[PDB]
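Participant: Next up is a structure, given as structure tokens.
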Ligand SMILES: Nc1nc2c(ncn2[C@@H]2O[C@H](COP(=O)(O)OP(=O)(O)OP(=O)(O)O)[C@@H](O)[C@H]2O)c(=O)[nH]1
Ligand SMILES: Nc1ncnc2c1ncn2[C@@H]1O[C@H](COP(=O)(O)OP(=O)(O)CP(=O)(O)O)[C@@H](O)[C@H]1O
Ligand SMILES: Nc1nc2c(ncn2[C@@H]2O[C@H](COP(=O)(O)OP(=O)(O)O)[C@@H](O)[C@H]2O)c(=O)[nH]1
Ligand SMILES: [Ca+2]
Ligand SMILES: [Ca+2]
Ligand SMILES: [Ca+2]
Ligand SMILES: [Cl-]
Ligand SMILES: [Mg+2]
Ligand SMILES: [Mg+2]
């Protein structure tokens, strides 16, 4: 359990992936040329989880960049850390996917997927012991959604005993590019339910609400949303990137977080929410606050199956333990009693950039069903009149596939309800 | 905010205690199978003591002493008194008692009384038969029991020529302080005592349930068959020129101290990973020489209806708020 | 309370104080392991069939 | 002289083995390079310390030990640490991918792939033995390797070394330092599979060690290093009779003879005193009576439970330091007149006592203070079943919903193994009830 292979697909996927790589390259002391300039061996101890070592002392992200149009990947290649990526790991087409899951999954994406898998195979072949894959993508568009889920299916076929992890951005009418986003997201969720082991549900609705209400950003941009996304991703991969006892690899994380195979959709949170000194009680209180959740769900509307908490910085571990025990003991009704000791806590000494301490939250809550109910309502409002279906039937899809995707997502919601009532 | 659970729905005392804890605004009741509690009001039978004190960040307290059953079962109490050097077979406030299974010792002492013309009336009970012939008692058992010398010369209230027993409530906190509730109660018989007819078990058994059914004078002298300490002390003064404290309460306190201090090393939670308290009901008899005898100890006693409020408030004050503090004229006498 | 079986040496001593008188075979193991391996292989074959 | 082979499985077992062998080297005067100046027979001998160390012609004293882990990061610390020169590479076995806190993954998926290598490396140590008496197996209950691979190894050791005794040192799961929600599952599974193959198992509840460190060593948030130094002191107290001259518990068979009258009830409770902080500059040296009294206080037990509400079947007192039998007997008399020490009635009410004059050794720069005398009591009491009750309750809570069961089925295990193991645990609790409780 060592190397992770990273894949970023589509516009959203590549932008949040580029920001993620910038953030963790800074955290590990890697400059945009791939050279290490840190001051602590803690930065290098597990560097091989995400980086290959190249000729000299160069570190190259084990990252594969995929899109069906070149624009966003040209912008990545011109970005601050653009030169750090392996040039051969850029795999792009020209047609684009036109925000069409069917184009991403069945036609345009099918034309590109084999060369993407060739790059995946080359990266895996030079892995001492591949853990699995992490994919960044959105569910509302065409390339990320459709071709990412296609890539997930193919990778599962070629690596059935490896862990599949995704960071999946859920569409929201508050921050929407097209009306067919509920179609694309509903089609994607079925694939994720069947073919991922862990999925961080990053809800654009929640990101917008945070940027507007909490960060006092009048006009949030995708950059402002991606600031939260990158901070959260750095938080949730800390246990994979630094020495530690708890959730130190993808499979142990999955075993700790997933009591039932389909219920593997995580609600992430971050504290403090930034755009100068937090105490541990404040960190804990804020990290369990709904206003800090990256999925627009009220946790007090459901129950926690499992929780992972990651504290970063130099702080009293005694006080961290006390505060986590405090939160559990004073709100025990919101933790299922049939999974004893379902809250696990990690502490890493190295804080993120700009902060002296931070806390990252990963909850498997039955309240996540509200996100899927929201998507299902927006799906049904158009599907009952077969609106905008011609974009998809023109690519070879039939209505039955939409009916089945709707059915399965309703089943997912019903399963969350069953365990919320258990 | 403190948290507690309720696992005995049939306890009036701790129903009232739960009510009081809730009405403080600083206690929150959880589901009965939630392990993250500060306080367990546990079940009478098979309380899972082995699962207490293993919750990090939680000081856990339970309203029962593990092992106190040794004091609160008939046969267990008899064996404990006879075999504990602190109490000994020479103990002078516990009636002569023997454990019989469905013997030779019992018949030996009984024969000493037989060929001594002495009062040879015994009682047989368990967890009831009164007879002067041993064969009838032994035959009744076979159809685990205790056979105990029946006090043929009880102290009789007047008017009515009637028998009684005294119930004392005793709270033992987590520090093994012993608190005697200042309010006891006399469960009285409403029928005149009849030393020539143990056949009728209504003037001989002072139990409230037995009186309230088999006694035709139930409620005549007091309500219902309960005499409280002020009236009983006034009666002792008027009739026998003594006080309740002098004639009876000193012996009661001595007996309570004796039993609880005897079993302290076996049940104390002083250095334990969880803490215990418990409310006990001691039942005493008084003979005509104003000598107090211990009859039994109840591990889960009820209270006299007019005393529930005061006693349960005293419970939450002494046993619970001492461990979990909230944001004189004590109702307890501290025995030491 | 009696002491018995007192043994003394240069490095210590032991005694006893009384206060009061009164398998599966290799083949079966390999069978279990191979049964589990075959159930794994069957689940993976079912997965690959579904993906096909 | 009869050799003992130590086998350390998983992270917990390997790190506790590190601590134990460091302590052994300090206790026997073996330097980190394997040299032992006080050993005047070069290249061989059959001294008591040779039960645990073999000897090379160059004068190196090599632990009779195998380290097994399914991932390499913990054993690499042995390979690179202070006592690296102590071990030869064939003693340190690592895979590349661990059992991910999954009993089924440790026992079936990966164990089937590494068991033969482990057995061959153990055979190579056994071939150096003129009269191997058996094995001491160190492992966690909660980890995937520590549980599943340990159970597999115990079965195969019963097959290959039928006549040899096997003792366990088992780390019982505690949520304050645990890393997996499914640790109750793993604990019950490995206990069911191992029960027939272990002759004597010493359980150490991480909760007890954690609280002892907090309370007596004034460590606010103890680490595995603190816990393992304390655990290694207790393990050394237990194995000192095998490693030094003496008449009591001098071969593995004597552990079973003295501590285990019934084969299934083979989990002795260990209690250790005194635990004193090195930071505490002024310290009052505790007498034999005081430390013997401390053996009957639950706060000093390796597993939190109440022996006063159980029954004893065997009791050994293992003293180290300035201790004489007259003072031992005086302390026992005093304690008997004051404590609830009830034996089963088909067993004598007695203590088997051993005294090693060498006071406990502590690691320089450690947390434990050097004391003039210490004692470890091993008593087989039914009260230890409280831990089984706790574990079985957590198991039942998760298994009623089949929570996490798919992770085990996915590795080739059948769901029936869960209920079969749980029924074995229920029969064990019932055995403890029958032996320990009156009607
Ligand atoms: N006392 C003590 N307990 C430990 C130590 N290391 C791990 N544990 C405990 O053991 C349990 C976890 O099992 P591990 O030994 O870490 O797992 P493993 O044997 O390596 O198995 P896998 O990692 O799943 O392959 C948890 O309850 C930990 O608290 C240690 O060094 N000392
Ligand atoms: N040696 C004795 N002499 C005189 N009366 C006795 C006696 N032993 C018992 N009694 C009478 O029996 C009545 C109650 O019997 P007992 O002691 O068994 O309590 P109980 O079983 O009714 C309540 P519980 O068992 O629920 O605690 C008392 O009123 C008492 O007068
Ligand atoms: N947080 C975040 N969301 C984005 C970003 N870009 C697009 N999204 C969302 O993702 C959906 C469009 O997906 P997109 O990636 O642009 O389509 P694709 O290129 O075909 O995969 C819509 O819901 C957008 O709101 C981004 O940069 N950051
Ligand atoms: Ca777009
Ligand atoms: Ca084309
Ligand atoms: Ca030698
Ligand atoms: Cl053999
Ligand atoms: Mg009564
Ligand atoms: Mg491990």
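Residues 1-275, 282-428, in that order, are what chain A shows, numbered as in Swiss-Prot.
Any Cβ shown, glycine's included, is placed from N, Cα and C.
For A:11, A:69, A:138, A:142, A:143, A:144, A:204, A:226, the entry in Swiss-Prot reads GTP binding site. What Swiss-Prot records for A:69 is Mg(2+) binding site, and it gives similarity to another entry as the kind of evidence. The annotation ubiquitin cross-link is assigned in Swiss-Prot to A:58, A:324 on the grounds of similarity to another entry. Sequence annotations record features per position, and here Swiss-Prot assigns phosphoserine to A:40, A:172 based on similarity to another entry. Swiss-Prot lists A:55, A:285, A:290 with the feature phosphothreonine, giving similarity to another entry as the kind of evidence. Residues or ranges marked as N6-acetyllysine by Swiss-Prot on the basis of similarity to another entry: A:58. What Swiss-Prot lists as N6-succinyllysine is A:58, and the listing cites similarity to another entry. The omega-N-methylarginine annotation in Swiss-Prot covers A:318. The motif 'MREI motif' annotation in Swiss-Prot covers A:1-4, and the record cites similarity to another entry as its basis.
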Participant: Looking at the recorded positions A:55, A:69, A:144, A:204, A:285, A:324, which ones have a CB within reach of chain D, meaning under 8 Å Cβ to CB?
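Facilitator: Listed recorded positions passing the 8 Å Cβ cut to D: A:324.
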Participant: Quick test of your reading of the structure: among the recorded positions A:144, A:226, A:324, whose CB sits under 6 A from ligand 3?
Facilitator: A:144, A:226
Participant: Here's one to test understanding: among the binding-site residues A:11, A:142, A:204, A:226, whose C-alpha is closest in space to the C-alpha of the residue listed as 'omega-N-methylarginine'?
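Facilitator: Nearest listed residue in space: A:226.
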Participant: List which of the recorded positions A:11, A:40, A:138, A:144, A:204 have a Cβ under 8 Å from any Cβ of chain B, in sequence order, or say none.
Facilitator: none
Participant: Give me the DSSP three-state residue breakdown of the motif 'MREI motif' (A:1-4), ordered helix, strand, coil.
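Facilitator: Across the motif 'MREI motif' (A:1-4), the residues distribute as 0 helix, 2 strand, 2 coil.
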Participant: Could you round the CA separation between residue A:69 (GTP binding site) and residue A:290 (phosphothreonine) to a whole angstrom and send it over?
Facilitator: 42
Participant: Can you tell which of the recorded positions (A:11, A:40, A:55, A:290) has the fewest other C-beta atoms within 10 angstroms of its C-beta?
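Facilitator: Output over recorded positions A:11, A:40, A:55, A:290: least Cβ neighbours within 10 Å is A:55.
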Participant: For A:138, A:143, A:204, A:285, listed as recorded positions, tell me which one has the smallest number of other Cβ atoms within 10 Å.
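Facilitator: Candidates: the recorded positions A:138, A:143, A:204, A:285. Fewest Cβ atoms within 10 Å: A:285.
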Participant: Any idea what the Cα distance is from residue A:324 (ubiquitin cross-link) over to residue A:204 (GTP binding site), rounded to a whole Å?
Facilitator: 36
Participant: Tell me the coarse DSSP state (helix, strand, coil) of residue A:285 (phosphothreonine).
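Facilitator: DSSP assigns residue A:285 (phosphothreonine) to coil.
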Participant: Under an 8 Å Cβ to Cβ limit, what residues of the same chain, 6 or more beyond the ends of the motif 'MREI motif' (A:1-4), are close to it?
Facilitator: 48-50, 62, 127-134, 240, 248-252
Participant: Do you know offhand how many angstrom separate residue A:285 (phosphothreonine) and residue A:226 (GTP binding site) by C-alpha?
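Facilitator: Rounded to a whole number, the Cα-Cα distance is 26 Å.
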Participant: Provide, as an integer number of angstrom, the distance between the C-alpha atoms of residue A:204 (GTP binding site) and residue A:55 (phosphothreonine).
Facilitator: 40
Participant: Hey, what's the Cβ neighbour count for the residue listed as 'omega-N-methylarginine' at 10 Å?
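Facilitator: There are 24 of them.
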Participant: Of all the recorded positions given, namely A:11, A:58, A:142, A:143, which is spatially nearest to residue A:290 (phosphothreonine) at the Cα level?
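Facilitator: Nearest in space to residue A:290 (phosphothreonine), counting only the recorded positions, is A:11.
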Participant: When DSSP is mapped onto helix/strand/coil, what comes out for residue A:55 (phosphothreonine)?
Facilitator: coil
Participant: Of all the recorded positions given, namely A:40, A:55, A:58, which is spatially nearest to residue A:144 (GTP binding site) at the Cα level?
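Facilitator: Out of the listed candidates, the nearest Cα belongs to A:58.
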Participant: For residue A:142 (GTP binding site), just count the other CB atoms lying within 10 A of its CB, please.
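Facilitator: Taking all protein chains shown, residue A:142 (GTP binding site) has 28 Cβ neighbours within 10 Å.
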Participant: Have a look at the binding-site residues A:11, A:138, A:142, A:143, A:226 and say which one has the shortest Cα distance to residue A:40 (phosphoserine).
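Facilitator: Answer for the nearest of the binding-site residues: A:226.
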